[PDB]
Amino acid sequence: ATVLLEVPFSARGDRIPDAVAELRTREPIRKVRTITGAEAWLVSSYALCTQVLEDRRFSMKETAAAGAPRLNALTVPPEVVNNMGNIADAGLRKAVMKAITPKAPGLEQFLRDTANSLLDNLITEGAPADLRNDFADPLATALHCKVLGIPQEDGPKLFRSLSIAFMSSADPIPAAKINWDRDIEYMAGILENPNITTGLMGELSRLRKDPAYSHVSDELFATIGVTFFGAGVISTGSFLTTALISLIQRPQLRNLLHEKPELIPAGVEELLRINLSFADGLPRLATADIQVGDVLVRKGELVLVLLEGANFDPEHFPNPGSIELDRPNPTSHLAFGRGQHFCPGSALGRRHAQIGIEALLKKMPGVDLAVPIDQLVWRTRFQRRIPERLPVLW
């Protein structure tokens, strides 16, 4: 006799496990056990994933309630699970959104110059190069320092928190609180620094002294900086890293995008659709009894939305494992979520990858893995799937 299915199925981010297709066709909502020992519903078809994400009765903020079944332990204060709600209630949503657009002046040129500079340094050092630690992550870090308006030299200090902040742990993590309190204090100091006049933190620093915002807490202003740096850098760094693997594995596609770079936006959209960067389903707590497929989810139960369940669903994306640049529904994937909590940095994440890949194909058109693919070391118990090193030659 066996147990309930345990999630996650695999930490590998280069291929989807066969178990996902069997679950989707046979039991697209199914009971699973999480690493905390809690039970949850796993949803794995495009139709049911979209239903859950569009129904606000499946709540993200209630996942932080005491005594709720948990996917993993919180690494942030519980009020921060409601981060975007707190931002909107303070009247700051429009300000935050206009600061993280890729259309900000100098931003695209900064991204291009930084990507080229990183790749030139790698070419000078000679092969093998590590495209995660010496390209994808520094590019994500540099981009978010610029978007935030904070010194580039402070990027690596803030980055150091992320290997702990985004763990997917059964128990609370002592180091997460140490790093959180320290990073909050850094961002509080940025708000009092008169040299910080640009980017998101420059705008928040001005709004803090505006009478319309005098009753917004200093804690919220600092929290916006820490959370947007952290979520943005881990999400863009990890997506670009695993998109580069998908590209390297497909020399025909790599050659086509090198010859016709005007197809890079459509290629990136497919690379988003097939991306396995999210290591766990997205969690929601049922606030009511809700019918999902054949199952009545009860109030208080945990539901997990499996993004690669939806994004590889052949009923919505025929031939789902194939990158096809002429699909009729190309942005209808769930890589950025759906509904109330749709990613606010979607446009910035697209541009980061587009410019990173464009620069790579110009400088490194023969890029290939320097080791057999089974030699990549996949990070475990983490909210993203990423290889620890990505050694390439060219």
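Residue indices: 1-based, along the sequence shown.
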For the C-alpha atoms alone, is the average B factor greater in 119-127 or in 152-160, going by the entry?
119-127
With reference to the PDB entry, specify whether the mean Cα temperature factor is higher for 371-379 or for 7-15.
7-15
Per the coordinate record, which of the options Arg182, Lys103, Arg273, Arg132 holds the highest CA temperature factor?
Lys103
Per the entry's Cα B factor values, which of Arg70, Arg33, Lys61, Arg56 stands out as the maximum?
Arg56
Would you mind checking where the Cα B-factor of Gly300 ranks among the modelled residues of its chain, as the lowest, middle or highest third?
middle
Record-listed C-alpha B factor of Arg254: chain third:
highest
Taking the entry's C-alpha B-factors for this chain, is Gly267 in the lowest, middle or highest third?
middle
Going by what the PDB entry lists, where does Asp218 fall on CA B-factor within its chain: lowest, middle or highest third?
highest
Position of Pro318 among the chain's modelled residues by C-alpha B-factor, lowest, middle or highest third
middle
